[PDB]
Amino acid sequence: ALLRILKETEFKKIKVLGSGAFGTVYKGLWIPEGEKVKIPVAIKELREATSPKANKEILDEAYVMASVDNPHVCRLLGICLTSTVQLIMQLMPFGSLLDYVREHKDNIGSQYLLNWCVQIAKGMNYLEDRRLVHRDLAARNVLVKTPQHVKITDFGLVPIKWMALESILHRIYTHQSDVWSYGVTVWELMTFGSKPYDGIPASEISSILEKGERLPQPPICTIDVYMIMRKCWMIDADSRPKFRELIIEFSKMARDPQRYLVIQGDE
Ligand SMILES: O=C(Nc1nccs1)[C@@H](c1cc(F)ccc1O)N1Cc2ccccc2C1=O
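Under my numbering, read the sequence shown as residues -15 to 251, first letter to last.
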């Protein structure tokens, strides 16, 4: 439930997974005080600019992150306060889903792929229920705990291609706007990590959306599935399918993946 405050001694950071302007992420081992067991963890350290106002804002968000409780939604285990701010999240061994599909493109299966979409939709629904807008749904932001299990992280805090036209044009973010991002995320999985609008300038993208052009239907997927992706990118936000609704369609599709999705040779 609550977010633990962690003593510096409690955890050690083994290696650095990623570097960002906002913060640098590390892979680490955390041993809870009073517990024999050692847990692998992902640690994020804010790069700079600590401010009293900033610290309060950061803390406030941290509590909510800790509060979230869903199987497909990442939860912030704890925060460590010292000179720098570090956020502790349980490590996902596999890494980002986008990276996973990219190096495992040859061996992936439709059932796994269809199942991932359902899981993301389920995760998204919890956020909608909790009145949280992710604001940056992407393939990278989906973490692979295991092939069978996937989770969503970094919600609640630009990626022009991923974001909805409404958001781009008027800086408007809503759950429906997140659905447009969700459709793009599905496209990434379907296309095995191909970058959307590859070689296209960010500035141009808004005009293209206005023109009705959309990302190309993936070779692997069936016609019905492509329609779901298109629905997400439709201009009317209300017209776009609800997340709860999305779960049902994918789940039905999940039962017989081969019909809906055709890739290589599969059972
Ligand atoms: O912790 C996060 N990412 C990490 N990378 C390596 C280890 S944790 C990320 C986050 C974690 C989570 F469980 C769920 C949603 C999230 O958005 N958060 C949370 C938070 C709170 C206050 C200020 C900044 C951040 C921030 O960046």
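The beta carbon of each residue, even a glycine, is placed where N, CA and C say it ideally should be.
Worksheet item: Around the C-beta of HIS159, are 16 or more other C-beta atoms found within 10 angstroms, so that it is buried, or is it exposed?
Response: Its Cβ being crowded by 16 or more others within 10 Å, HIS159 is buried.
Practice prompt. Rounded to whole angstroms, what's the CA-CA distance from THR66 to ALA26? Just pull it up for me.
Written response: Using only the alpha carbons, I get a separation of about 18 Å.
Worksheet item: Just how far apart, CA to CA, sit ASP208 and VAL69?
Response: Here the alpha carbons of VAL69 and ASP208 stand approximately 47 Å from one another.
Worksheet entry | Reduced DSSP secondary structure (H/G/I, E/B, other) of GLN201 | In the three-state reduction of the DSSP assignment, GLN201 falls in the coil class, being assigned neither a helical nor a strand state.
Worksheet item: With a CB to CB cut of under 8 Å and the five nearest residues on each side skipped, what residues in its chain are close to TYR10?
Response: If you ignore the 5 residues before and after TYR10, its C-beta comes within less than 8 Å of the C-beta of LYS(-3), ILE(-2), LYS(-1), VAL0, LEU1, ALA26, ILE27, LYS28, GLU29, all in its own chain and listed in chain order.
Worksheet item: Who pairs with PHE6 in a beta bridge, going by DSSP?
Response: None; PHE6 has no bridge partner.
Practice prompt. Check whether the Cβ atoms of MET73 and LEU81 sit closer than 9 Å, and answer yes or no.
Written response: The answer is no: Cβ separation not under 9 Å.
Discussion item. Tell me which residues share the same chain as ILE204 and place their Cβ nearer than 7 Å to its Cβ, disregarding the 5 neighbours each side in the sequence.
Written reply: Only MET174, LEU245, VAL246, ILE247 meet the Cβ criterion.
Worksheet item: Under the three-state reduction of DSSP, which class applies to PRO24: helix, strand or coil?
Response: In the structure shown, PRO24 sits in a strand (DSSP, three-state: E or B).
Discussion item. Within a Cβ cutoff of 8 Å, which residues of the same chain sit near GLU194, ignoring the five residues on either side of it in sequence?
Written reply: Cβ neighbours of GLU194 beyond the five flanking positions: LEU149.
Discussion item. Quick check: what's the CA-CA separation for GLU19 versus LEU(-10)?
Written reply: One C-alpha to the other measures close to 13 Å.
Fill in: Length of the line joining the Cα atoms of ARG155 and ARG31
Cα to Cα, the separation comes out at about 26 Å.
Worksheet entry | Beta carbon of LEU127 nearer than 9 Å to that of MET49 | No, they are not a contact pair.
Worksheet entry | Pocket of ligand 1 (residues with CB nearer than 6 Å to any heavy atom), chain order | Qualifying residues come out as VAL9, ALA26, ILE27, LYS28, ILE42, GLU45, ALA46, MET49, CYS58, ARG59, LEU60, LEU71, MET73, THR137, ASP138, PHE139, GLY140, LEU141.
Worksheet item: Excluding sequence positions up to five away, which residues of its chain have a Cβ less than 6 Å from the Cβ of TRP146?
Response: Answer for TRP146: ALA122, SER165, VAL168, listed in chain order.
Worksheet item: Of the residues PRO185, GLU229, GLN201, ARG(-12), which one's Cα is nearest the Cα of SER51?
Response: Nearest of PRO185, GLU229, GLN201, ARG(-12) to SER51, Cα basis: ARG(-12).
Practice prompt. Keeping to the same chain, check which residues put their C-beta closer than 7 Å to that of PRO16; ignore five residues upstream and five downstream.
Written response: Around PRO16: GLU(-6).
Discussion item. Quick check on DSSP: helix, strand or coil for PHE(-5)?
Written reply: Here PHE(-5) carries a strand assignment [DSSP, helix/strand/coil].
Worksheet item: If we ignore side chains and look at the alpha-carbon of each, how far apart do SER190 and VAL142 end up?
Response: Roughly 13 Å separates the two Cα atoms.
Practice prompt. Express the C-alpha separation of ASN99 and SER223 in angstroms, rounding to a whole number.
Written response: Each residue's alpha carbon lies about 24 Å from the other.
Worksheet item: Which same chain residues, not among the five before or five after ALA5, have their C-beta less than 8 Å away from its C-beta?
Response: Cβ neighbours of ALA5 beyond the five flanking positions: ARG31.
Worksheet item: Can you tell me where the alpha helix (DSSP H) with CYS216 in it begins and where it stops?
Response: If you look at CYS216, you'll find it in the alpha helix (DSSP H) that goes 207 to 216.
Item to complete: Give the C-beta separation of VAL57 and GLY107 to the nearest angstrom, bearing in mind that I take them to be a contact with Cβ-Cβ under 8 Å.
Response: That pair is a contact at about 5 Å.
Fill in: beta strand (DSSP E) runs wholly inside the stretch 97 to 166, at least 3 long, in chain order
The qualifying runs are 126 to 128, 134 to 136.
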